[PDB]
>>> print(open('work.txt').read())   # compact mmCIF, C-alpha atoms
# COMPACT_ATOMS: atom_id res chain seq x y z
CA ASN H 143 32.51 10.05 13.27
CA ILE H 144 30.81 11.98 10.46
CA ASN H 145 31.09 8.79 8.41
CA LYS H 146 29.78 7.02 11.50
CA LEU H 147 26.58 9.06 11.41
CA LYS H 148 26.08 8.66 7.67
CA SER H 149 26.40 4.87 7.73
CA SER H 150 24.03 4.74 10.68
CA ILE H 151 21.46 7.05 9.05
CA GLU H 152 21.55 4.94 5.89
CA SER H 153 20.31 1.94 7.86
CA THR H 154 17.59 4.05 9.42
CA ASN H 155 16.46 5.05 5.93
CA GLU H 156 16.37 1.47 4.65
CA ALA H 157 14.35 0.58 7.75
CA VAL H 158 11.87 3.30 6.75
CA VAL H 159 11.73 2.05 3.15
CA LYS H 160 10.94 -1.41 4.47
CA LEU H 161 8.07 -0.01 6.50
CA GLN H 162 6.78 1.82 3.43
CA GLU H 163 6.97 -1.39 1.42
CA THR H 164 5.08 -3.08 4.23
CA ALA H 165 2.50 -0.30 4.40
CA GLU H 166 1.72 -0.56 0.68
CA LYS H 167 0.91 -4.24 1.06
CA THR H 168 -1.41 -3.26 3.95
CA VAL H 169 -3.34 -0.98 1.61
CA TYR H 170 -3.68 -3.87 -0.84
CA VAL H 171 -4.99 -6.30 1.74
CA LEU H 172 -7.40 -3.77 3.23
CA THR H 173 -8.70 -2.98 -0.23
CA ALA H 174 -9.09 -6.69 -0.94
CA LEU H 175 -11.14 -7.36 2.19
CA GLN H 176 -14.11 -5.93 0.29
CA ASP H 455 -3.47 -13.88 -2.61
CA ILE H 456 -4.11 -12.21 0.79
CA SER H 457 -2.10 -14.90 2.55
CA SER H 458 0.82 -14.39 0.18
CA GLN H 459 0.53 -10.65 0.78
CA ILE H 460 0.64 -11.32 4.52
CA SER H 461 3.77 -13.44 4.14
CA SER H 462 5.26 -10.65 2.07
CA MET H 463 4.48 -8.08 4.78
CA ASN H 464 6.30 -10.38 7.22
CA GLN H 465 9.37 -10.47 4.98
CA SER H 466 9.68 -6.71 4.55
CA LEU H 467 8.83 -6.13 8.21
CA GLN H 468 11.61 -8.38 9.45
CA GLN H 469 14.00 -6.58 7.11
CA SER H 470 12.93 -3.21 8.50
CA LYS H 471 13.65 -4.56 11.98
CA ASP H 472 17.00 -5.92 10.79
CA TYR H 473 17.91 -2.52 9.36
CA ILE H 474 16.94 -0.56 12.45
CA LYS H 475 18.96 -2.77 14.78
CA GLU H 476 21.98 -2.17 12.53
CA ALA H 477 21.36 1.59 12.60
CA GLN H 478 21.23 1.52 16.39
CA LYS H 479 24.31 -0.67 16.62
CA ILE H 480 26.28 1.82 14.51
CA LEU H 481 24.95 5.00 16.13
CA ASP H 482 26.23 3.67 19.46
CA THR H 483 29.72 3.80 17.99
CA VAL H 484 29.54 7.61 17.71
CA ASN A 143 26.40 19.55 17.34
CA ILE A 144 27.59 15.95 16.74
CA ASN A 145 26.22 14.87 20.17
CA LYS A 146 23.01 16.74 19.49
CA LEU A 147 22.57 14.99 16.13
CA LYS A 148 23.16 11.61 17.79
CA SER A 149 20.63 12.32 20.55
CA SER A 150 18.15 13.39 17.87
CA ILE A 151 18.69 10.24 15.79
CA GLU A 152 18.20 7.93 18.76
CA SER A 153 14.65 9.27 19.07
CA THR A 154 14.05 8.83 15.34
CA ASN A 155 15.17 5.21 15.62
CA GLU A 156 12.91 4.70 18.63
CA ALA A 157 10.09 6.14 16.55
CA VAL A 158 10.77 3.52 13.88
CA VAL A 159 10.84 0.68 16.40
CA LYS A 160 7.38 1.75 17.52
CA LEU A 161 6.01 1.73 13.99
CA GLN A 162 7.48 -1.76 13.52
CA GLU A 163 5.68 -2.87 16.69
CA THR A 164 2.55 -1.28 15.28
CA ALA A 165 3.07 -3.18 12.04
CA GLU A 166 3.52 -6.42 13.98
CA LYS A 167 0.05 -6.09 15.46
CA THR A 168 -1.31 -5.02 12.08
CA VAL A 169 -0.04 -8.28 10.59
CA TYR A 170 -1.61 -10.21 13.48
CA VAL A 171 -5.08 -8.80 12.98
CA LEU A 172 -4.89 -9.22 9.22
CA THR A 173 -3.75 -12.82 9.68
CA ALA A 174 -6.54 -13.41 12.21
CA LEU A 175 -9.06 -11.97 9.79
CA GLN A 176 -8.20 -14.22 6.88
CA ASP A 177 -8.55 -17.49 8.77
CA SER A 457 -10.07 -5.14 20.01
CA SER A 458 -7.10 -5.37 22.37
CA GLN A 459 -4.74 -5.87 19.45
CA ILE A 460 -6.19 -2.54 18.35
CA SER A 461 -5.78 -0.90 21.78
CA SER A 462 -2.22 -2.16 21.60
CA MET A 463 -1.67 -0.58 18.17
CA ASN A 464 -2.73 2.80 19.57
CA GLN A 465 -0.30 2.65 22.45
CA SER A 466 2.65 1.81 20.21
CA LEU A 467 1.65 4.37 17.60
CA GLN A 468 1.35 7.19 20.13
CA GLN A 469 4.80 6.39 21.51
CA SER A 470 6.06 6.59 17.93
CA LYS A 471 4.63 10.10 17.74
CA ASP A 472 6.15 11.17 21.04
CA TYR A 473 9.51 9.76 19.94
CA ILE A 474 9.50 11.48 16.53
CA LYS A 475 8.33 14.68 18.19
CA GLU A 476 11.26 14.49 20.59
CA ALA A 477 13.59 13.85 17.64
CA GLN A 478 12.49 17.04 15.89
CA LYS A 479 12.92 19.08 19.09
CA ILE A 480 16.53 18.06 19.68
CA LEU A 481 17.17 18.39 15.95
CA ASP A 482 16.13 22.04 16.11
CA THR A 483 18.93 22.73 18.60
CA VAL A 484 21.60 21.70 16.11
CA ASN F 143 28.59 18.41 6.28
CA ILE F 144 26.78 18.72 9.62
CA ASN F 145 24.38 21.15 7.93
CA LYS F 146 23.81 18.42 5.35
CA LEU F 147 23.25 15.69 7.94
CA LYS F 148 20.63 17.86 9.61
CA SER F 149 19.02 18.43 6.24
CA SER F 150 18.78 14.72 5.39
CA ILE F 151 17.59 13.63 8.85
CA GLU F 152 15.01 16.40 8.59
CA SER F 153 13.54 14.64 5.54
CA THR F 154 13.86 11.28 7.27
CA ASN F 155 11.73 12.60 10.16
CA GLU F 156 9.10 13.88 7.75
CA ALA F 157 8.89 10.44 6.16
CA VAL F 158 8.36 8.85 9.59
CA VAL F 159 5.59 11.34 10.38
CA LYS F 160 3.85 10.29 7.17
CA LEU F 161 4.14 6.61 8.03
CA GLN F 162 2.55 7.48 11.39
CA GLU F 163 -0.32 9.19 9.59
CA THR F 164 -0.72 6.07 7.46
CA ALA F 165 -0.70 3.85 10.55
CA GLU F 166 -3.40 6.00 12.14
CA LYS F 167 -5.66 5.44 9.11
CA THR F 168 -5.00 1.69 9.36
CA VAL F 169 -6.19 1.50 12.96
CA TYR F 170 -9.33 3.37 11.92
CA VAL F 171 -10.00 0.95 9.07
CA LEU F 172 -9.27 -2.11 11.20
CA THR F 173 -11.69 -0.72 13.78
CA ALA F 174 -14.28 -0.28 11.05
CA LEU F 175 -14.02 -3.99 10.28
CA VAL F 454 -16.67 4.76 8.73
CA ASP F 455 -15.46 5.29 5.15
CA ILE F 456 -13.01 2.49 4.39
CA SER F 457 -12.52 3.68 0.81
CA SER F 458 -11.76 7.27 1.78
CA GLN F 459 -9.64 5.97 4.63
CA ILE F 460 -7.70 3.61 2.39
CA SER F 461 -7.26 6.50 -0.02
CA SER F 462 -5.68 8.84 2.54
CA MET F 463 -3.38 5.99 3.57
CA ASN F 464 -2.08 5.90 0.03
CA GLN F 465 -1.54 9.66 -0.22
CA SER F 466 0.24 9.64 3.14
CA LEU F 467 2.47 6.75 2.11
CA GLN F 468 3.39 8.44 -1.18
CA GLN F 469 4.61 11.56 0.59
CA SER F 470 6.53 9.41 3.06
CA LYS F 471 8.18 7.81 0.01
CA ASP F 472 8.99 11.22 -1.49
CA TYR F 473 10.49 12.34 1.81
CA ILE F 474 12.74 9.31 2.26
CA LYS F 475 14.11 9.63 -1.29
CA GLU F 476 14.99 13.27 -0.57
CA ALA F 477 16.67 12.05 2.66
CA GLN F 478 18.72 9.47 0.77
CA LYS F 479 19.65 12.12 -1.80
CA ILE F 480 20.89 14.67 0.74
CA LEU F 481 22.67 11.97 2.76
CA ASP F 482 24.69 11.05 -0.34
CA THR F 483 26.01 14.61 -0.38
CA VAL F 484 27.78 13.91 2.91
>>> encode(input="work.txt", output="structure tokens")
Amino acid sequence: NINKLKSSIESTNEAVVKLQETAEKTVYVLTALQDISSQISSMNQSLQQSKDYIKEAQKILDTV
Amino acid sequence: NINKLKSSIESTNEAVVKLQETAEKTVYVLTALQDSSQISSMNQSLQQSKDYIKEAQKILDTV
Amino acid sequence: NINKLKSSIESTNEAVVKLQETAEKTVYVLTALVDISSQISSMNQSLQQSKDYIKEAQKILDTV
């Protein structure tokens, strides 16, 4: 149960890291608008991963 | 405390889902731009993220 | 351990708050397309802190 929480929290954290990775690409593209398409595809990749990680976190947490 | 932690985490995770939704719309607009309501939509989802995280901290304080 | 879980999640929540601050600056910039540069600069600062906070979260969590 304690282990249950830890494993779940870990997925939440990776989900957050994925959002941070996505947010840094945002800064790059916004800067630029003053390669972008490959940055956009990249954002999509890390965003889907964030979503994948959060669903896992939620799936686990439910087990508590 | 275990049940309180759980209840607190659920809000955190909801907060993250909202940011992801906010990031979805961000990607849309950026994609649109390199080829107003999307914006209104970002605000709604971001504010819910705030409410969720706020709630998470409140329950967390009871632990 | 519960004291530790609370400690790590605490940091996790801080990180989320910083991502929210970064998202707020993004909406502003997207709406401007104000002070894009300044705006894009706060985004970066906000994101960095978020990053610092998640790493502290991951660190504490490992103590569980």
>>> atom_distance(input="work.txt", atom1="CA of residue 154 (chain A)", atom2="CA of residue 477 (chain A)")
5.5 Å
>>> interface_residues(input="work.txt", of="chain F", to="chain H", cutoff="9 Å", atoms="all atoms listed in the file", output="VMD selection string")
chain F and resid 143 to 144 147 150 to 151 154 157 to 158 161 164 to 165 168 171 to 172 456 to 457 460 to 461 463 to 464 467 to 468 470 to 471 474 to 475 477 to 478 481 to 482 484
>>> closest_atom_pairs(input="work.txt", of="chain A", to="chain H", cutoff="9 Å", atoms="all atoms listed in the file", output="Markdown table")
| residue | atom | partner | partner_atom | distance |
| --- | --- | --- | --- | --- |
| A:144 | CA | H:144 | CA | 8.1 |
| A:145 | CA | H:484 | CA | 8.4 |
| A:147 | CA | H:147 | CA | 8.6 |
| A:148 | CA | H:481 | CA | 7.0 |
| A:151 | CA | H:151 | CA | 8.0 |
| A:152 | CA | H:478 | CA | 7.5 |
| A:154 | CA | H:154 | CA | 8.4 |
| A:155 | CA | H:154 | CA | 6.8 |
| A:158 | CA | H:158 | CA | 7.2 |
| A:159 | CA | H:474 | CA | 7.4 |
| A:161 | CA | H:161 | CA | 8.0 |
| A:162 | CA | H:471 | CA | 6.9 |
| A:165 | CA | H:467 | CA | 7.5 |
| A:166 | CA | H:467 | CA | 7.8 |
| A:168 | CA | H:168 | CA | 8.3 |
| A:169 | CA | H:460 | CA | 6.8 |
| A:172 | CA | H:460 | CA | 7.6 |
| A:173 | CA | H:460 | CA | 6.9 |
| A:176 | CA | H:457 | CA | 7.5 |
>>> atom_distance(input="work.txt", atom1="CA of residue 476 (chain A)", atom2="CA of residue 150 (chain A)")
7.5 Å
>>> atom_distance(input="work.txt", atom1="CA of residue 469 (chain F)", atom2="CA of residue 174 (chain A)")
29.7 Å
>>> axis_aligned_box(input="work.txt", around="region 172-462 of chain H", padding_each_side="4 Å", output="lines of an AutoDock Vina configuration file")
center_x = -4.4
center_y = -8.9
center_z = 1.0
size_x = 27.4
size_y = 19.9
size_z = 15.1
>>> closest_residue(input="work.txt", among="F:162, F:174, F:153, F:472", to="chain A", atoms="all atoms listed in the file")
F:162
>>> residues_around(input="work.txt", residues="residue 459 (chain A)", least_positions_apart="2", cutoff="9 Å", atoms="all atoms listed in the file", output="number ranges by chain")
A: 167-168, 170-171, 457, 461-464
